[PDB]
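Computation of the quantities below employed the complete heavy-atom set of this structure, encompassing side-chain atoms and omitting hydrogens, waters and symmetry-equivalent molecules. Residue numbering restarts at 1 for every chain, and letters A, B, ... go by the order of the sequence lines.
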Amino acid sequence: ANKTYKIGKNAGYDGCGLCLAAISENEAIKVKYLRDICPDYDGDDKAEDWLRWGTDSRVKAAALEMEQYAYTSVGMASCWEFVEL
Amino acid sequence: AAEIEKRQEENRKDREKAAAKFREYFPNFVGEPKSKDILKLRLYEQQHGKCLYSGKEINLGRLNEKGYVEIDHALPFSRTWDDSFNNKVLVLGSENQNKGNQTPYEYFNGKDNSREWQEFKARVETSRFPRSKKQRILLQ
């Protein structure tokens, strides 16, 4: 599928990168970048990196917190859009 | 034996170079810079110190300032799946928000050979990007 959503203006956008996004009313209302969740992620924001990093305990904890209020998925921020991966 | 090894090795053999320049230009930086800081400087240098979309001057002293400049994709990932370094540019946050989910060709009205498109193409062509990257950014 790879659904795509506009990232909202108060979501924490910081350019392109792998991120978690909380989706509400067809918009990514909050993004949290992998490079911020996991300071030791020094990769290049390649889509396939989520297979390794999706199971990191810090990613799991961040996603659980977002799921408290909205549908949450891993994906890619790019050009003000969130693409589910 | 397996382009990945060359990528990982040559990509190794490009980060010390960019880390060395970061120390040169920010010799009073506090702590260790991260990869995003290092890459911002690399793109700054290849773009001749200017925002790619607007041509405006990037204040090198503000390079690491929150909200000032961002690295983003030129061609939207949603439409290309292109997460490569050849698809990454350094842009003022405000100009990147105006472009949104458009390609440069769309954003600059390249279909009408507009002056803004010609100006943008000239900035890309005069950058220090490799030919593969100039080609990527200008894809129609």
ask   = With a cut-off of 6.0 Å (strictly less than), are more than 12 heavy atoms of other residues, nucleotides or ligands near NZ of B:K56?
value = no

Cut-off 4.5 Å, heavy atoms of chain A, and the answer for B:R79 is neither

Most contact-rich option vs chain B, by heavy-atom pairs under 4.5 angstrom, among A:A77, A:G15, A:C16, is A:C16

Following the transitive rule for hydrophobic clusters with a side-chain heavy-atom cut-off under 4.5 Å over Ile, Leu, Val, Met, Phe, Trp and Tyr, establish whether B:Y68 and B:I71 coincide in one cluster.
yes

* **B:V69 reachable from A:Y33 in the ILVMFWY side-chain graph, under 4.5 Å edges** => no

*With a 4.0 Å cut-off, would you call A:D44 and B:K88 a salt bridge?*
no

**Q.** Sub-4.5 Å side-chain heavy-atom contact between A:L85 and B:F77
**A.** yes

Honestly, the part of B:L39 sitting under 4.5 Å from a heavy atom of chain A is neither

Answer whether the closest heavy-atom distance between the side chains of B:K36 and A:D14 falls below 4.5 Å. yes

On a heavy-atom basis, the closest approach of B:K34 and A:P39 is NZ-O, 2.8 Å

Is it possible for you to say whether A:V59 and A:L18 belong to one hydrophobic cluster, with membership spreading through side-chain heavy-atom contacts below 4.5 Å?
yes

So, the part of B:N11 with a heavy atom under 4.5 Å from chain A: the answer is side chain

Between A:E81 and B:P76 the two heavy atoms that sit nearest each other are OE1-CB, 4.2 Å

Under 4.5 Å to a heavy atom of chain B? For A:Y13 that would be both

Paired with A:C79, the side-chain contact (heavy atoms from CB on, under 4.5 Å) test is passed by just one of B:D72, B:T80, B:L75, B:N96, namely B:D72

